[PDB]
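Notes follow the structure.
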Amino acid sequence: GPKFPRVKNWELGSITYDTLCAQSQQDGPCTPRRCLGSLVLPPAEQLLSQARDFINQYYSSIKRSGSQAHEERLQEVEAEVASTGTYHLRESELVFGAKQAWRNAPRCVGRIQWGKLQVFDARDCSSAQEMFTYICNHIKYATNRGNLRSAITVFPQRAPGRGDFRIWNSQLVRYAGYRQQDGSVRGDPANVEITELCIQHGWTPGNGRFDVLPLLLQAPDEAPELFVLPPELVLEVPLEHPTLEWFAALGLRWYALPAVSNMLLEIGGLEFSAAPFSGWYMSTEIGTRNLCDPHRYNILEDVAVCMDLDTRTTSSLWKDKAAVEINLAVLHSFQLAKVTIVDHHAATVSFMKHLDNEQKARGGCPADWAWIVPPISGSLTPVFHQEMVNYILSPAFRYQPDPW
Amino acid sequence: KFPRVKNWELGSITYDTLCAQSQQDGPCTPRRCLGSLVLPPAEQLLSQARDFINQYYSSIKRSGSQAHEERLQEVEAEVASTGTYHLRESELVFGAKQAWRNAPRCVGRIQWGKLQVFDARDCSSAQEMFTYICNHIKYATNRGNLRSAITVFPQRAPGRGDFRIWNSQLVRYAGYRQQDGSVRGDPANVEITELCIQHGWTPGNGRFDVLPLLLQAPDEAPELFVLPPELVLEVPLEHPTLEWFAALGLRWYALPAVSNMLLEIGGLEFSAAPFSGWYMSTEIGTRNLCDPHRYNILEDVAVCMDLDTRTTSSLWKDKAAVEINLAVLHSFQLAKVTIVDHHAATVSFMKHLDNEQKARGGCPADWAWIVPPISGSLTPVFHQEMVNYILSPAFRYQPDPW
Ligand code: HEM
Ligand code: HEM
Ligand SMILES: Cc1cc(N)nc(C[C@@H]2CNC[C@@H]2OCCCCCc2cccc(N)n2)c1
Ligand SMILES: Cc1cc(N)nc(C[C@@H]2CNC[C@@H]2OCCCCCc2cccc(N)n2)c1
Ligand SMILES: C[C@H](O)[C@H](O)[C@H]1CNc2nc(N)[nH]c(=O)c2N1
Ligand SMILES: C[C@H](O)[C@H](O)[C@H]1CNc2nc(N)[nH]c(=O)c2N1
Ligand SMILES: [Zn+2]
């Protein structure tokens with residue numbers, strides 16, 4: 001074999017070599033001495049080289065590498081950087097870079113869909129109010145009455161000196177998290193900080209378990225402004241179970257649209273600090289993490305009690321049984337509501353197909369095993385048995401500091 | 001820089017400083033993380049030896065004593081003359097416990113101080129190896145009240161072949177490859193089954209035929225030894241409420257005993273040093289019975305449960321897996337054979353991380369192996385960051401002897 005990482009599938013006994021990792025510019029958190037793979041948290045001349053590299057990627061993707069148009073765009077980019085210190089992407093370059101950033105995302109199991117992304121260009125936006133209009137349009141298009149469509153809206157890039165466009169909320173849809181007198185939390189504990197920031201900026205808080213938060217939107221060098229989403233814009237699914245009649249009595253619900261709004265989209269050195277993207281949910285994200293994490297809605301015990309399980313001993317597997325039923329209720333309720341959702345078996349089978357597509361197309365696929373393997377029934381899915389090489393390619397979605 | 005390690009459920013942070021003591025490299029580089037991969041002179045020996053002897057005297061709080069200095073002279077003198085040395089029994093005992101302590105893939109390390117060490121370094125034939133192995137099995141099994149143990153056969157020597165146990169575990173069920181591709185029994189054991197028959201074993205034709213042991217003394221053909229059936233404790237599987245489950249005819253053995261790993265202590269290598277503890281129920285319930293390249297019983301159990309098999313979104317696979325794990329726990333408890341479920345095991349591992357943080361400043365752990373194969377995020381270890389690195393004494397993989 002070659003001197004590239006050898007990658008094995010233990011289920012099928014098959015082997016590949018990852019040659020794509022050679023294209024990595026960015027270092028990750030690991031060294032020869034220690035593996036830091038499980039950690040959740042890991043320009044003058046520098047811009048020019050990142051830009052040249054991205055332009056080469058674009059021209060390859062359209063099979064015009066070395067062409068006259070290829071060499072003219074390079075010269076354009078460097079002249080523009082030369083005189084202004086920055087440059088600007090053509091429309092088709094943005095659409096390509098956005099899809100490529102998704103394609104490159106090591107933590108996303110949904111990447112079979114990567115070629116099918118609606119890219120809304122919002123680089124003309126000049127106020128917080130217009131951001132809100134763009135965001136509402138995104139939500140309407142992406143939600144599509146339950147037939148969900150992948151989309152991203154890109155706001156103006158970071159510019160020298162001038163402040164950033166930022167969406168303060170981590171997602172477009174978030175449930176409030178209200179800190180109680182006794183120190184417990186009503187609603188989603190994930191959202192305590194953003195909830196209190198919303199109140200500080202003049203939001204009148206509710207007191208339910210599922211109050212949709214307003215958006216805090218920030219245009220360059222301005223205090224963020226507060227915007228309420230019209231309720232008919234935010235599609236939600238009430239949760240019921242196919243055979244357990246009492247489950248509907250719990251009043252549990254989840255929203256249809258997962259839309260990450262706090263990540264930075266980096267393309268050819270340019271930095272799009274507000275560039276929210278959305279897909280559709282994998283059912284374990286709702287039924288396992290959001291509803292059963294101890295530091296989230298934490299409903300496992302309640303459901304076990306309703307199911308009359310022995311919750312006094314770990315060896316009854318009460319946690320596993322309840323968690324299965326919660327996941328089934330999520331899948332069942334979304335299917336009844338006609339809202340797009342994918343189970344962890346179907347999602348992981350499709351990610352294996354993606355790995356095979358990418359092996360042929362690029363000679364590898366960066367992938368974060370701990371994120372790709374679902375949080376229940378792990379080894380029951382084909383990805384558990386698949387070794388994965390994790391590395392950072394650009395274009396990329398990156399974490400960025402909170403604006404406050 | 002020392003790694004910041006965060007628990008995401010509790011919000012707490014530690015720093016791993018133990019990692020600085022790592023001397024051997026892992027598969028990863030700044031360019032790419034390879035952590036999910038299952039497989040990877042005298043002055044050199046002298047450094048590993050001294051460092052290990054240092055570890056030993058430090059552990060008995062006699063660091064710098066007469067005894068410490070003199071032992072370092074012995075080791076130095078013996079290496080300088082012969083190119084190698086020998087461990088004192090008490091050092092061996094210390095190094096074996098430490099190798100387990102250091103094992104990043106082991107979720108059971110809260111137990112690391114409780115290990116019975118059988119010194120089998122005066123072994124000179126496959127016959128004697130078999131005697132030592134039977135004593136281990138008998139001690140460790142203890143009629144179902146399992147006790148962790150290791151037996152250590154003679155170290156590798158420059159001038160000769162290794163002592164080896166050919167089998168990957170001391171108890172393995174045969175896998176018989178059918179002309180038409182399929183396997184009867186355990187597909188993981190097809191290769192060892194064929195090696196046994198080829199060395200003269202009369203094979204069975206069942207799904208759970210216990211394999212003989214192929215034991216190898218240095219530079220000799222391996223020898224075949226049938227384990228006496230009464231030494232191998234087994235648990236028939238039934239389900240607490242599903243009557244038909246027993247009818248599947250399923251069973252597993254009590255004793256998980258790995259026999260193909262190399263034990264490295266102070267630069268010395270023990271090519272045969274089988275070790276055993278007790279099972280975590282997901283090893284049997286989830287991996288051994290439900291892996292598609294193992295016994296692969298998921299579909300059969302689902303049909304028996306009358307589940308909707310036609311679509312993944314009924315979560316039939318998840319439901320069947322739960323009942324199978326429940327049946328393993330129930331059946332082991334009923335037979336009074338030591339077992340631990342994945343919730344209790346991971347809880348104890350969290351306590352271990354905390355013990356090791358105070359004791360040593362960190363703990364090497366392989367997240368992909370520590371998190372159980374079902375209900376990952378339902379256990380506390382899912383939410384815990386972990387640093388993986390190699391400390392010595394160590395258990396390592398080694399080439400198959402054939
Ligand atoms: C089409 C439906 C999609 C499915 C089922 C899907 C599935 C997932 C899942 C299950 C995760 C892990 C989430 C978690 O553990 O909280 C994830 C993370 C990710 N996904 Fe996808 N995804 C989809 C569409 C998209 C789209 C359209 C983009 C971007 C264009 C994207 C980029 C990412 C990124 C950047 C992460 C990591 C987020 C982070 O680290 O916070 N996904 N996705
Ligand atoms: C006390 C009872 C024990 C329990 C519940 C336990 C638990 C486990 C589990 C669940 C695994 C992963 C196994 C797999 O996925 O196939 C494992 C691996 C390991 N354990 Fe422990 N263990 C115990 C005792 C021991 C002892 C006594 C030693 C050494 C003396 C040890 C050393 C290891 C090593 C070296 C591995 C990795 C094996 C490999 O890479 O193939 N374990 N153990
Ligand atoms: C700082 C930071 C930002 C950021 N975006 N993500 C992290 C990692 C943590 C780990 N758990 C919460 C947070 O990640 C949330 C990721 C939500 C992804 C949701 C999503 C997006 C698109 C499609 C889909 N099915 N699902 C940290
Ligand atoms: C070459 C090689 C050797 C070796 N010992 N292990 C591997 C890793 C593969 C992954 N799956 C099969 C093999 O591992 C077998 C490990 C069994 C662990 C048994 C055990 C020992 C002690 C306690 C316990 N609960 N369970 C590979
Ligand atoms: C510490 C650990 O890396 C952390 O809990 C990770 C594990 N795997 C994950 N996988 C996904 N998809 N999402 C997550 O938030 C996490 N959390
Ligand atoms: C490819 C992947 O690393 C492989 O399937 C691992 C994952 N985690 C594991 N964890 C344990 N405990 N045992 C295993 O065999 C494995 N297999
Ligand atoms: Zn790594």
Side-chain angles (χ1 to χ4, degrees), chain A residues 5 7-12 27-42 105-110 190 258 281-282 284-285 288-290 293-296 344 347-348 351 367-376 378-391, chain B residues 3-10 25-39 103-108 188 256 279-280 282-283 286-288 291-294 342 345-346 349 365-374 376-389:
Chain A
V7 191
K8 171 148 190 162
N9 182 293
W10 290 95
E11 184 192 344
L12 301 165
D27 298 333
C30 303
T31 59
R33 253 188 167 86
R34 80 288 181 289
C35 175
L36 254 31
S38 71
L39 309 212
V40 166
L41 315 172
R107 291 172 168 184
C108 178
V109 71
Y281 264 121
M282 180 173 77
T284 59
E285 294 169 84
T288 305
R289 304 296 314 284
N290 298 352
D293 273 4
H295 54 295
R296 298 292 298 289
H344 52 292
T348 56
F351 185 77
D368 181 334
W369 191 97
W371 274 66
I372 296 297
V373 173
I376 49 156
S379 77
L380 272 28
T381 70
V383 291
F384 185 96
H385 305 281
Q386 180 60 57
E387 295 171 354
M388 294 175 200
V389 188
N390 189 202
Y391 47 99
Chain B
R4 194 193 91 207
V5 188
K6 179 158 179 189
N7 182 300
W8 286 97
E9 175 194 342
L10 313 164
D25 296 342
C28 313
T29 54
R31 144 166 276 114
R32 81 286 172 296
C33 170
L34 258 33
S36 75
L37 285 252
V38 171
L39 314 168
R105 290 169 169 190
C106 180
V107 77
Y279 267 121
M280 178 161 80
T282 53
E283 297 176 82
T286 299
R287 306 296 314 284
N288 298 350
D291 278 1
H293 57 294
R294 299 295 300 284
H342 54 291
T346 56
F349 188 71
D366 184 337
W367 191 97
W369 276 64
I370 295 302
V371 175
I374 46 160
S377 79
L378 272 31
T379 70
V381 293
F382 182 92
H383 306 278
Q384 174 60 62
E385 284 169 3
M386 297 178 199
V387 192
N388 193 4
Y389 49 92

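Ligands are counted one by one from 1 in listed order, and the atoms in each one are counted from 1 as well. As a basis for the values below, the full set of heavy atoms in this structure was taken, side chains included, without hydrogen atoms, waters or symmetry mates. So that the names make sense, note that chain A is the first sequence line, chain B the second, and so on, each numbered from 1.
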Interfacing atoms of ligand 5 (cut-off 4.0 Å, heavy-atom, B:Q384):
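So the answer, numbered in order with elements, is 1 (C).
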
Spatial distance of atom [atom1] ([X]) from atom [atom2] ([Y]) [nearest 0.5 Å]:
X	Y	atom1	atom2	result
A:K8	A:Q386	NZ	CD	11.0 Å
B:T346	B:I370	OG1	CD1	10.0 Å
A:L41	A:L36	CG	CG	11.5 Å

Do ligand 5 and A:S38 have nitrogen or oxygen atoms that lie under 3.5 Å from each other?
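Yes - when backbone and side-chain N and O of A:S38 are compared with those of ligand 5, one distance drops under 3.5 Å.
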
Tell me which protein heavy atom sits closest to atom 8 (N) of ligand 5, plus the residue, atom name and distance to 0.1 Å.
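Its nearest protein heavy-atom neighbour is A:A370 O, 2.8 Å.
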
Quick one: which of B:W369, A:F384, A:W369, B:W367 has a heavy atom closest to atom 4 (C) of ligand 6?
A:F384

Mind reading off the angle at the Zn ion (ligand 7) between the SG atom of B:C28 and the SG atom of A:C35, rounded to 10°?
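The SG/SG angle about the Zn ion (ligand 7) sits at 100°.
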
Sub-3.5 Å donor-acceptor pair from the side chain of [X] to the main-chain atoms of [Y], do we have one?
X	Y	answer
A:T288	A:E285	no
A:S38	B:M386	yes
B:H293	A:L12	no

Between B:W8 and B:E385: side-chain donor-acceptor atoms closer than 3.5 Å
yes

Hey, does B:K6 sit under 4.0 Å from ligand 5 if you only count heavy atoms?
no

For ligand 6, which atoms sit closer than 4.0 Å to a heavy atom of B:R287?
13 (N), 14 (C), 15 (O), 16 (C), 17 (N)

Under a 4.0 angstrom heavy-atom cut-off, which atoms of ligand 6 come close to A:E387?
1 (C)

Just to be sure I read this right, does ligand 6 sit under 4.0 Å from the backbone of B:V38, its side chain, both, or neither, counting only heavy atoms?
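The side chain, only.
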
